[PDB]
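What follows is query_3.txt (compact mmCIF, C-alpha atoms and all ligand atoms).
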```
# COMPACT_ATOMS: atom_id res chain seq x y z
CA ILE A 9 -15.95 -17.44 1.37
CA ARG A 10 -12.17 -17.21 1.03
CA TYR A 11 -10.24 -14.47 -0.79
CA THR A 12 -6.71 -14.76 -2.16
CA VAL A 13 -5.01 -11.53 -1.10
CA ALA A 14 -2.28 -10.37 -3.47
CA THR A 15 0.31 -8.06 -1.91
CA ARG A 16 3.99 -7.14 -2.02
CA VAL A 17 6.78 -7.11 0.56
CA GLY A 18 7.41 -3.58 1.80
CA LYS A 19 7.28 -2.08 5.27
CA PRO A 20 5.26 -0.99 7.12
CA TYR A 21 2.40 -2.43 5.06
CA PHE A 22 3.44 -6.05 4.60
CA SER A 23 6.57 -7.96 5.60
CA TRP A 24 7.89 -11.27 6.90
CA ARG A 25 7.64 -11.65 10.67
CA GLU A 26 10.85 -12.38 12.53
CA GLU A 27 10.72 -16.00 13.71
CA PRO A 28 12.61 -17.15 16.84
CA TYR A 33 5.21 -19.42 11.17
CA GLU A 34 2.52 -20.78 8.84
CA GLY A 35 -0.06 -19.20 6.55
CA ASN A 36 -1.17 -15.63 7.22
CA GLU A 37 0.66 -15.77 10.55
CA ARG A 38 3.97 -15.42 8.64
CA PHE A 39 3.26 -11.76 7.96
CA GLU A 40 2.72 -8.41 9.68
CA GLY A 41 2.10 -4.76 8.84
CA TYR A 42 -0.55 -2.11 8.25
CA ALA A 43 -2.12 -4.05 5.38
CA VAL A 44 -2.14 -7.26 7.40
CA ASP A 45 -4.02 -5.62 10.28
CA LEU A 46 -6.47 -3.94 7.89
CA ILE A 47 -7.37 -7.21 6.14
CA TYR A 48 -7.86 -8.89 9.53
CA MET A 49 -10.09 -6.01 10.62
CA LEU A 50 -12.03 -6.15 7.35
CA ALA A 51 -12.24 -9.94 7.49
CA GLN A 52 -13.91 -9.65 10.89
CA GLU A 53 -16.04 -6.70 9.76
CA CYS A 54 -17.10 -8.09 6.38
CA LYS A 55 -16.98 -11.76 7.41
CA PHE A 56 -14.65 -13.59 5.03
CA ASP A 57 -11.62 -15.87 5.17
CA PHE A 58 -8.45 -14.93 3.31
CA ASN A 59 -5.01 -16.10 2.24
CA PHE A 60 -2.05 -13.77 1.72
CA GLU A 61 -0.10 -14.44 -1.48
CA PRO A 62 2.72 -11.93 -2.02
CA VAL A 63 3.27 -11.55 -5.77
CA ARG A 64 6.32 -13.23 -7.30
CA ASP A 65 7.85 -10.15 -8.96
CA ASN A 66 7.02 -8.06 -5.86
CA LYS A 67 5.82 -5.20 -8.09
CA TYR A 68 2.94 -2.78 -7.53
CA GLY A 69 1.61 -2.97 -11.08
CA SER A 70 2.36 -1.02 -14.24
CA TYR A 71 1.57 -1.28 -17.95
CA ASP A 72 4.44 -2.21 -20.26
CA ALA A 73 3.43 -0.79 -23.65
CA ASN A 74 6.37 -2.67 -25.16
CA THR A 75 4.63 -5.98 -24.40
CA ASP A 76 1.03 -4.84 -23.81
CA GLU A 77 1.01 -6.52 -20.39
CA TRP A 78 0.63 -5.66 -16.70
CA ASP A 79 2.71 -6.94 -13.78
CA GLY A 80 2.64 -7.00 -9.98
CA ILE A 81 -0.53 -6.99 -7.91
CA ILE A 82 -2.62 -5.54 -10.74
CA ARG A 83 -1.70 -8.47 -13.01
CA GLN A 84 -2.82 -11.08 -10.46
CA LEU A 85 -6.21 -9.36 -10.27
CA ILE A 86 -6.62 -9.16 -14.05
CA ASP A 87 -5.86 -12.88 -14.34
CA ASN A 88 -8.22 -13.53 -11.40
CA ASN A 89 -5.44 -15.37 -9.54
CA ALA A 90 -6.37 -13.08 -6.65
CA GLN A 91 -9.64 -11.50 -5.52
CA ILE A 92 -8.11 -8.73 -3.40
CA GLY A 93 -4.99 -6.61 -3.93
CA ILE A 94 -3.57 -4.41 -1.17
CA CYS A 95 -0.56 -2.40 0.00
CA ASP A 96 0.38 1.24 -0.54
CA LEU A 97 -1.54 0.77 -3.78
CA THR A 98 -2.21 4.17 -5.31
CA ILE A 99 -5.29 4.71 -7.47
CA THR A 100 -4.27 5.69 -11.00
CA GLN A 101 -6.22 6.17 -14.22
CA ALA A 102 -4.41 3.33 -15.99
CA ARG A 103 -4.99 0.91 -13.11
CA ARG A 104 -8.65 1.85 -12.71
CA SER A 105 -9.10 1.01 -16.40
CA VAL A 106 -8.25 -2.67 -15.85
CA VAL A 107 -9.27 -3.31 -12.23
CA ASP A 108 -11.77 -1.87 -9.76
CA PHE A 109 -11.02 -0.11 -6.47
CA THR A 110 -12.75 0.20 -3.12
CA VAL A 111 -13.24 3.56 -1.48
CA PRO A 112 -9.82 4.75 -0.35
CA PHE A 113 -8.52 3.77 3.11
CA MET A 114 -5.78 6.41 3.10
CA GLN A 115 -5.21 9.84 1.58
CA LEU A 116 -1.72 11.17 0.90
CA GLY A 117 0.48 13.38 -1.24
CA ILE A 118 3.91 13.49 -2.85
CA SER A 119 7.08 15.13 -1.56
CA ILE A 120 10.88 15.09 -1.72
CA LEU A 121 13.13 12.87 0.39
CA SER A 122 16.61 14.37 0.68
CA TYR A 123 19.89 14.08 2.54
CA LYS A 124 20.27 16.77 5.21
CA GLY A 125 22.41 19.80 4.37
CA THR A 126 20.67 20.45 1.05
CA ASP A 127 20.23 24.00 -0.23
CA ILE A 128 17.14 23.11 -2.29
CA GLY A 129 13.88 24.13 -0.61
CA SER A 130 11.19 23.32 -3.19
CA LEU A 131 10.27 21.22 -6.22
CA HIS A 132 10.72 24.26 -8.48
CA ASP A 133 14.23 24.70 -7.09
CA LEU A 134 14.98 20.99 -7.51
CA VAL A 135 13.98 20.92 -11.19
CA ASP A 136 15.69 24.22 -11.98
CA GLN A 137 19.13 22.77 -11.18
CA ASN A 138 21.05 19.60 -12.05
CA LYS A 139 23.78 19.27 -9.42
CA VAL A 140 21.36 17.15 -7.38
CA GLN A 141 19.75 14.41 -9.47
CA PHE A 142 16.34 12.97 -8.58
CA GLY A 143 13.93 10.18 -9.45
CA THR A 144 11.01 7.93 -8.54
CA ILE A 145 10.00 4.28 -8.44
CA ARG A 146 10.00 2.86 -11.96
CA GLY A 147 6.43 2.58 -13.24
CA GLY A 148 5.08 3.66 -9.85
CA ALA A 149 2.23 6.09 -9.20
CA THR A 150 4.58 8.98 -8.43
CA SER A 151 5.99 8.57 -11.94
CA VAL A 152 2.41 8.93 -13.17
CA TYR A 153 2.06 12.26 -11.37
CA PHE A 154 4.86 13.76 -13.46
CA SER A 155 4.54 11.82 -16.72
CA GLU A 156 0.82 12.64 -17.10
CA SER A 157 0.93 16.28 -15.95
CA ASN A 158 0.49 19.23 -18.32
CA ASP A 159 2.01 21.54 -15.69
CA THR A 160 5.21 23.08 -17.07
CA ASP A 161 7.23 22.56 -13.88
CA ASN A 162 6.14 18.92 -13.67
CA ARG A 163 6.98 18.45 -17.36
CA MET A 164 10.47 19.80 -16.66
CA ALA A 165 10.85 17.42 -13.71
CA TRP A 166 9.80 14.49 -15.89
CA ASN A 167 12.15 15.37 -18.74
CA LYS A 168 15.06 15.83 -16.33
CA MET A 169 14.39 12.47 -14.66
CA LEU A 170 14.43 10.80 -18.08
CA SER A 171 17.71 12.50 -19.01
CA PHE A 172 19.78 11.82 -15.88
CA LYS A 173 22.76 9.48 -16.03
CA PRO A 174 22.81 6.95 -14.44
CA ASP A 175 19.20 5.73 -14.36
CA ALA A 176 17.29 8.01 -12.00
CA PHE A 177 14.55 5.45 -11.32
CA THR A 178 14.48 2.70 -8.67
CA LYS A 179 12.65 -0.60 -8.15
CA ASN A 180 11.05 0.32 -4.81
CA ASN A 181 10.97 2.67 -1.81
CA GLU A 182 13.80 0.78 -0.10
CA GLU A 183 16.24 1.29 -2.98
CA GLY A 184 15.15 4.92 -3.24
CA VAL A 185 15.87 5.63 0.42
CA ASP A 186 19.11 3.63 0.26
CA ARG A 187 20.20 5.70 -2.73
CA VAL A 188 19.57 9.03 -0.97
CA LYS A 189 21.58 7.85 2.04
CA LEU A 190 24.48 6.52 -0.04
CA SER A 191 24.54 9.62 -2.25
CA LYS A 192 25.29 12.03 0.61
CA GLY A 193 23.11 14.70 -1.01
CA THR A 194 23.63 14.25 -4.75
CA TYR A 195 20.33 12.37 -5.10
CA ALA A 196 16.82 13.25 -3.94
CA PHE A 197 13.91 10.80 -3.97
CA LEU A 198 10.40 11.80 -5.02
CA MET A 199 7.94 9.67 -3.08
CA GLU A 200 4.58 9.53 -1.33
CA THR A 201 4.28 11.40 1.97
CA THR A 202 3.17 8.28 3.85
CA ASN A 203 6.28 6.32 2.94
CA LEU A 204 8.44 9.42 3.32
CA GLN A 205 7.23 9.91 6.89
CA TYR A 206 7.94 6.27 7.71
CA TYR A 207 11.54 6.40 6.51
CA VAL A 208 12.48 9.94 7.57
CA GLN A 209 11.52 9.09 11.16
CA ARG A 210 13.85 6.06 11.12
CA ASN A 211 16.82 7.75 9.41
CA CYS A 212 18.13 10.89 11.11
CA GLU A 213 20.40 11.88 8.20
CA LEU A 214 17.34 12.46 5.99
CA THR A 215 14.72 15.21 5.74
CA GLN A 216 11.78 16.39 3.65
CA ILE A 217 12.20 19.23 1.16
CA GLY A 218 9.28 21.62 0.74
CA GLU A 219 5.57 20.98 1.18
CA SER A 220 3.45 18.01 0.18
CA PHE A 221 1.86 18.33 -3.25
CA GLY A 222 -0.77 16.38 -5.16
CA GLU A 223 -3.85 14.48 -3.96
CA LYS A 224 -3.40 10.71 -3.99
CA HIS A 225 -5.30 7.80 -2.44
CA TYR A 226 -4.63 4.21 -1.40
CA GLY A 227 -7.40 1.76 -2.26
CA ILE A 228 -7.97 -1.98 -2.16
CA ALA A 229 -7.87 -3.35 -5.70
CA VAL A 230 -10.45 -5.91 -6.83
CA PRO A 231 -11.43 -7.39 -10.21
CA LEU A 232 -13.75 -5.21 -12.32
CA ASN A 233 -17.38 -5.46 -11.20
CA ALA A 234 -16.59 -7.76 -8.27
CA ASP A 235 -19.68 -8.37 -6.13
CA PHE A 236 -17.72 -7.93 -2.88
CA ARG A 237 -16.45 -4.44 -3.73
CA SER A 238 -19.25 -2.60 -1.92
CA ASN A 239 -18.97 -5.00 1.00
CA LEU A 240 -15.29 -4.09 1.36
CA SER A 241 -15.97 -0.36 0.92
CA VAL A 242 -18.68 -0.20 3.59
CA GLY A 243 -16.28 -2.01 5.91
CA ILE A 244 -13.46 0.47 5.29
CA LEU A 245 -15.83 3.37 5.99
CA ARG A 246 -17.01 1.72 9.22
CA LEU A 247 -13.45 1.38 10.51
CA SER A 248 -12.75 4.96 9.41
CA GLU A 249 -15.75 6.52 11.14
CA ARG A 250 -15.07 4.53 14.32
CA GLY A 251 -11.58 6.05 14.39
CA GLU A 252 -9.86 2.69 13.90
CA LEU A 253 -7.97 3.66 10.73
CA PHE A 254 -6.63 6.68 12.62
CA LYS A 255 -5.31 4.38 15.34
CA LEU A 256 -4.00 1.89 12.77
CA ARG A 257 -2.12 4.62 10.92
CA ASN A 258 -0.52 5.86 14.13
CA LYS A 259 0.48 2.32 15.14
CA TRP A 260 2.62 1.80 12.04
CA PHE A 261 3.71 5.37 11.17
CA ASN A 262 4.35 7.09 14.52
CA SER A 263 7.88 7.96 15.68
CA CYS A 268 14.69 11.76 15.55
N1 LIG B 301 1.99 3.74 -4.09
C1 LIG B 301 2.69 3.84 -5.40
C2 LIG B 301 4.16 3.44 -5.24
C3 LIG B 301 5.01 4.47 -4.50
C4 LIG B 301 5.47 5.62 -5.39
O1 LIG B 301 5.29 5.55 -6.62
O2 LIG B 301 6.02 6.60 -4.84
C5 LIG B 301 2.01 2.96 -6.44
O3 LIG B 301 0.93 2.42 -6.18
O4 LIG B 301 2.51 2.77 -7.55
```
Show me this structure written as structure tokens.
Amino acid sequence: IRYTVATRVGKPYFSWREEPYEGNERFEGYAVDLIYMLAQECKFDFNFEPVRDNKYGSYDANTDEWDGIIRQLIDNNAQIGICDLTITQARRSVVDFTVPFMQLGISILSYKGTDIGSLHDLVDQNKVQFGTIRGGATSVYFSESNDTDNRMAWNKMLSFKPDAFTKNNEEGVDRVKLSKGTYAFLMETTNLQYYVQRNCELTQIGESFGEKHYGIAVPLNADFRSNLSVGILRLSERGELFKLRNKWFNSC
């Protein structure tokens, strides 16, 4: 049994190895290790196919279509989708998910020297603009919330000029660095930790908020869903996911 593994390029989960390679050996990262571990645990072969548009997956109501990893699963061009793929209500409606392999939250990436100390403070001003990944799961946290403060955040993000949204974590982090403190990036704590440790001019504002999960995406009612889930839980209970997380996210 061989599974086509849809993913996207983005460190530390999945990226092109520096060559002084062929097939799966071209790639490295957290998600690469985890599929190898699961492949050995659940006994299956696999082929990594990073998606063409390099998107996570969002619904475009203007066209009634999905993109990114989620799209490849809907069209059955892939049997497994993985990265920092956050479980959302919209995504779960069109594809299935395994048990999560990582729990996380949301927080604020900022340039050092900022006076803002919380999300409430960030939304209650407009000298420092802020945004998220376009169509990403962090956008969902604000756009779907009934919480007044989150509503205000969402409406401010929509109003900012220029466009407050970015295509990925890399552009988000790059924008905070280039902006010298006039732009803050709302992102997941996992990715925030990764970048803040590798960029000394950046820091986290306030506490983590929200309860989010990364899961392996599979087609609805796939017969290898449970097999993948039991495998993830095995690695977790052994303490291997703890080690794996430290390997790629440990340390200005
Ligand atoms: N993990 C998120 C992307 C990162 C973010 O939105 O902050 C997703 O699955 O859409």
Please identify all protein, DNA and RNA residues within 8 Å of ligand LIG 301 (chain B), counting all atoms listed in the file, and report them as a PyMOL selection string.
chain A and resi 68-70+95-100+118+144-152+180-181+198-200+203+226
Write a file of the just-selected residues containing C-alpha atoms, as a tab-separated table (two decimals), in the coordinates of the input.
```tsv
chain	number	residue	atom	x	y	z
A	68	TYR	CA	2.94	-2.78	-7.53
A	69	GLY	CA	1.61	-2.97	-11.08
A	70	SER	CA	2.36	-1.02	-14.24
A	95	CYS	CA	-0.56	-2.40	0.00
A	96	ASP	CA	0.38	1.24	-0.54
A	97	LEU	CA	-1.54	0.77	-3.78
A	98	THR	CA	-2.21	4.17	-5.31
A	99	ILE	CA	-5.29	4.71	-7.47
A	100	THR	CA	-4.27	5.69	-11.00
A	118	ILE	CA	3.91	13.49	-2.85
A	144	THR	CA	11.01	7.93	-8.54
A	145	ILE	CA	10.00	4.28	-8.44
A	146	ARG	CA	10.00	2.86	-11.96
A	147	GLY	CA	6.43	2.58	-13.24
A	148	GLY	CA	5.08	3.66	-9.85
A	149	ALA	CA	2.23	6.09	-9.20
A	150	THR	CA	4.58	8.98	-8.43
A	151	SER	CA	5.99	8.57	-11.94
A	152	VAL	CA	2.41	8.93	-13.17
A	180	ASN	CA	11.05	0.32	-4.81
A	181	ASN	CA	10.97	2.67	-1.81
A	198	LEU	CA	10.40	11.80	-5.02
A	199	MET	CA	7.94	9.67	-3.08
A	200	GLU	CA	4.58	9.53	-1.33
A	203	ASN	CA	6.28	6.32	2.94
A	226	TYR	CA	-4.63	4.21	-1.40
```
If you count only C-alpha atoms, which residues fall within 6 Å of segment 210-214 of chain A, apart from same-chain ones fewer than 4 positions away, as a PyMOL selection string?
chain A and resi 122-124+268
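Neighbouring residues of residue 168 of chain A at 9 Å or closer, counting all atoms listed in the file and skipping chain neighbours under 4 positions away, are residues 135, 138, 141, 142, 143, 163, 164 and 172 of chain A.
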Which centre and edge lengths in Å to one decimal define the box along x, y and z that fits every listed atom of segment 108-114 of chain A plus 5 Å per side, as lines of an AutoDock Vina configuration file?
```
center_x = -9.5
center_y = 2.3
center_z = -3.3
size_x = 17.5
size_y = 18.3
size_z = 22.9
```
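Across the model, the gap from atom CA of residue 92 of chain A to atom CA of residue 110 of chain A is 10.1 Å.
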List the residues sitting within 12 Å of (21.7, 6.6, -2.2) in the file's frame, using all atoms listed in the file, as a ChimeraX atom specification.
/A:121-123,140-143,176-178,181-197,213-214
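Atom CA of residue 82 of chain A is positioned 26.7 Å from atom CA of residue 254 of chain A.
Between atom CA of residue 12 of chain A and atom CA of residue 58 of chain A lies a distance of 5.7 Å.
Residue nearest residue 79 of chain A, chosen from A:232, A:46, A:170, A:106 and counting all atoms listed in the file: A:106.
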Around the point (-13.8, -7.4, -8.0) (coordinates from the file), which residues reach within 12 Å if we count all atoms listed in the file? Answer as a PyMOL selection string.
chain A and resi 11-13+82+84-93+104+106-110+228-241
Here is a test: counting all atoms listed in the file, which residue of A:37, A:127, A:175, A:26 is nearest to residue 218 of chain A?
A:127
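Distances to residue 21 of chain A were evaluated for A:128, A:256, A:134, A:208 using all atoms listed in the file, and the minimum falls at A:256.
For the set A:74, A:260, A:160, A:243, the residue with the smallest atom-to-atom gap to residue 40 of chain A is A:260, counting only C-alpha atoms.
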Surrounding residues of residue 42 of chain A excluding itself and chain neighbours under 2 positions, 12 Å, only C-alpha atoms, as a VMD selection string:
chain A and resid 15 17 to 23 39 to 40 44 to 49 94 to 96 113 to 114 202 206 252 to 261
List as a PyMOL selection string the protein and nucleic acid residues near residue 220 of chain A, meaning an atom at most 8 Å away when only C-alpha atoms are counted, but skip any in the same chain fewer than 5 places from it.
chain A and resi 117-119+201
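You can rank A:14, A:50, A:43, A:204 by their closest distance to residue 247 of chain A using all atoms listed in the file, and at the top of that list sits A:50.
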Could segment 157-182 of chain A be completed with N, CA, C and O atoms and returned as a PDB file, in the coordinates of the input?
```
ATOM      1  N   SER A 157       1.247  14.878 -16.222  1.00  0.00           N
ATOM      2  CA  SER A 157       0.930  16.280 -15.950  1.00  0.00           C
ATOM      3  C   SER A 157       1.153  17.176 -17.171  1.00  0.00           C
ATOM      4  O   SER A 157       2.060  16.944 -17.969  1.00  0.00           O
ATOM      5  N   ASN A 158       0.307  18.197 -17.303  1.00  0.00           N
ATOM      6  CA  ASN A 158       0.490  19.230 -18.320  1.00  0.00           C
ATOM      7  C   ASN A 158       1.196  20.447 -17.719  1.00  0.00           C
ATOM      8  O   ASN A 158       1.616  21.350 -18.441  1.00  0.00           O
ATOM      9  N   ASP A 159       1.320  20.463 -16.396  1.00  0.00           N
ATOM     10  CA  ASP A 159       2.010  21.540 -15.690  1.00  0.00           C
ATOM     11  C   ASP A 159       3.462  21.641 -16.140  1.00  0.00           C
ATOM     12  O   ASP A 159       4.189  20.648 -16.141  1.00  0.00           O
ATOM     13  N   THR A 160       3.876  22.847 -16.521  1.00  0.00           N
ATOM     14  CA  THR A 160       5.210  23.080 -17.070  1.00  0.00           C
ATOM     15  C   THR A 160       6.325  22.615 -16.136  1.00  0.00           C
ATOM     16  O   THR A 160       7.278  21.972 -16.573  1.00  0.00           O
ATOM     17  N   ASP A 161       6.209  22.944 -14.854  1.00  0.00           N
ATOM     18  CA  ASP A 161       7.230  22.560 -13.880  1.00  0.00           C
ATOM     19  C   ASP A 161       7.304  21.047 -13.711  1.00  0.00           C
ATOM     20  O   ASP A 161       8.388  20.496 -13.532  1.00  0.00           O
ATOM     21  N   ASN A 162       6.159  20.374 -13.769  1.00  0.00           N
ATOM     22  CA  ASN A 162       6.140  18.920 -13.670  1.00  0.00           C
ATOM     23  C   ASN A 162       6.677  18.275 -14.948  1.00  0.00           C
ATOM     24  O   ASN A 162       7.341  17.240 -14.892  1.00  0.00           O
ATOM     25  N   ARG A 163       6.392  18.890 -16.094  1.00  0.00           N
ATOM     26  CA  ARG A 163       6.980  18.450 -17.360  1.00  0.00           C
ATOM     27  C   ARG A 163       8.499  18.517 -17.309  1.00  0.00           C
ATOM     28  O   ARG A 163       9.184  17.596 -17.755  1.00  0.00           O
ATOM     29  N   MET A 164       9.024  19.613 -16.766  1.00  0.00           N
ATOM     30  CA  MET A 164      10.470  19.800 -16.660  1.00  0.00           C
ATOM     31  C   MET A 164      11.084  18.750 -15.737  1.00  0.00           C
ATOM     32  O   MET A 164      12.153  18.212 -16.026  1.00  0.00           O
ATOM     33  N   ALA A 165      10.411  18.469 -14.624  1.00  0.00           N
ATOM     34  CA  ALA A 165      10.850  17.420 -13.710  1.00  0.00           C
ATOM     35  C   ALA A 165      10.944  16.087 -14.441  1.00  0.00           C
ATOM     36  O   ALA A 165      11.940  15.372 -14.324  1.00  0.00           O
ATOM     37  N   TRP A 166       9.896  15.765 -15.193  1.00  0.00           N
ATOM     38  CA  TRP A 166       9.800  14.490 -15.890  1.00  0.00           C
ATOM     39  C   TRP A 166      10.904  14.344 -16.927  1.00  0.00           C
ATOM     40  O   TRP A 166      11.546  13.299 -17.024  1.00  0.00           O
ATOM     41  N   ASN A 167      11.124  15.400 -17.703  1.00  0.00           N
ATOM     42  CA  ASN A 167      12.150  15.370 -18.740  1.00  0.00           C
ATOM     43  C   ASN A 167      13.558  15.291 -18.154  1.00  0.00           C
ATOM     44  O   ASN A 167      14.440  14.660 -18.735  1.00  0.00           O
ATOM     45  N   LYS A 168      13.771  15.923 -17.004  1.00  0.00           N
ATOM     46  CA  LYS A 168      15.060  15.830 -16.330  1.00  0.00           C
ATOM     47  C   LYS A 168      15.302  14.418 -15.798  1.00  0.00           C
ATOM     48  O   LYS A 168      16.396  13.875 -15.945  1.00  0.00           O
ATOM     49  N   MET A 169      14.281  13.829 -15.181  1.00  0.00           N
ATOM     50  CA  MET A 169      14.390  12.470 -14.660  1.00  0.00           C
ATOM     51  C   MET A 169      14.755  11.482 -15.761  1.00  0.00           C
ATOM     52  O   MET A 169      15.561  10.575 -15.553  1.00  0.00           O
ATOM     53  N   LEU A 170      14.162  11.667 -16.936  1.00  0.00           N
ATOM     54  CA  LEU A 170      14.430  10.800 -18.080  1.00  0.00           C
ATOM     55  C   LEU A 170      15.855  10.974 -18.610  1.00  0.00           C
ATOM     56  O   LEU A 170      16.426  10.047 -19.181  1.00  0.00           O
ATOM     57  N   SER A 171      16.421  12.161 -18.418  1.00  0.00           N
ATOM     58  CA  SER A 171      17.710  12.500 -19.010  1.00  0.00           C
ATOM     59  C   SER A 171      18.902  12.119 -18.140  1.00  0.00           C
ATOM     60  O   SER A 171      19.999  11.893 -18.652  1.00  0.00           O
ATOM     61  N   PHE A 172      18.687  12.055 -16.829  1.00  0.00           N
ATOM     62  CA  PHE A 172      19.780  11.820 -15.880  1.00  0.00           C
ATOM     63  C   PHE A 172      20.553  10.545 -16.172  1.00  0.00           C
ATOM     64  O   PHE A 172      19.980   9.523 -16.555  1.00  0.00           O
ATOM     65  N   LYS A 173      21.868  10.632 -15.987  1.00  0.00           N
ATOM     66  CA  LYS A 173      22.760   9.480 -16.030  1.00  0.00           C
ATOM     67  C   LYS A 173      23.487   9.383 -14.692  1.00  0.00           C
ATOM     68  O   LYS A 173      24.081  10.366 -14.248  1.00  0.00           O
ATOM     69  N   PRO A 174      23.451   8.208 -14.036  1.00  0.00           N
ATOM     70  CA  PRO A 174      22.810   6.950 -14.440  1.00  0.00           C
ATOM     71  C   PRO A 174      21.296   6.987 -14.278  1.00  0.00           C
ATOM     72  O   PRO A 174      20.739   8.045 -13.981  1.00  0.00           O
ATOM     73  N   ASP A 175      20.648   5.842 -14.479  1.00  0.00           N
ATOM     74  CA  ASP A 175      19.200   5.730 -14.360  1.00  0.00           C
ATOM     75  C   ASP A 175      18.708   6.345 -13.052  1.00  0.00           C
ATOM     76  O   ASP A 175      19.172   5.980 -11.972  1.00  0.00           O
ATOM     77  N   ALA A 176      17.777   7.287 -13.160  1.00  0.00           N
ATOM     78  CA  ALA A 176      17.290   8.010 -12.000  1.00  0.00           C
ATOM     79  C   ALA A 176      16.218   7.222 -11.247  1.00  0.00           C
ATOM     80  O   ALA A 176      15.918   7.520 -10.092  1.00  0.00           O
ATOM     81  N   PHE A 177      15.657   6.208 -11.898  1.00  0.00           N
ATOM     82  CA  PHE A 177      14.550   5.450 -11.320  1.00  0.00           C
ATOM     83  C   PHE A 177      15.028   4.255 -10.492  1.00  0.00           C
ATOM     84  O   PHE A 177      16.140   3.762 -10.674  1.00  0.00           O
ATOM     85  N   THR A 178      14.166   3.804  -9.580  1.00  0.00           N
ATOM     86  CA  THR A 178      14.480   2.700  -8.670  1.00  0.00           C
ATOM     87  C   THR A 178      13.361   1.657  -8.701  1.00  0.00           C
ATOM     88  O   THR A 178      12.284   1.908  -9.239  1.00  0.00           O
ATOM     89  N   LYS A 179      13.617   0.494  -8.108  1.00  0.00           N
ATOM     90  CA  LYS A 179      12.650  -0.600  -8.150  1.00  0.00           C
ATOM     91  C   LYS A 179      11.619  -0.507  -7.026  1.00  0.00           C
ATOM     92  O   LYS A 179      10.524  -1.055  -7.143  1.00  0.00           O
ATOM     93  N   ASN A 180      11.963   0.182  -5.942  1.00  0.00           N
ATOM     94  CA  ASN A 180      11.050   0.320  -4.810  1.00  0.00           C
ATOM     95  C   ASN A 180      11.469   1.436  -3.853  1.00  0.00           C
ATOM     96  O   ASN A 180      12.491   2.088  -4.064  1.00  0.00           O
ATOM     97  N   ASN A 181      10.671   1.651  -2.808  1.00  0.00           N
ATOM     98  CA  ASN A 181      10.970   2.670  -1.810  1.00  0.00           C
ATOM     99  C   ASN A 181      12.298   2.421  -1.104  1.00  0.00           C
ATOM    100  O   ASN A 181      13.045   3.358  -0.824  1.00  0.00           O
ATOM    101  N   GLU A 182      12.582   1.153  -0.813  1.00  0.00           N
ATOM    102  CA  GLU A 182      13.800   0.780  -0.100  1.00  0.00           C
ATOM    103  C   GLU A 182      15.046   1.229  -0.861  1.00  0.00           C
ATOM    104  O   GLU A 182      15.940   1.851  -0.288  1.00  0.00           O
TER     105      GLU A 182
END
```
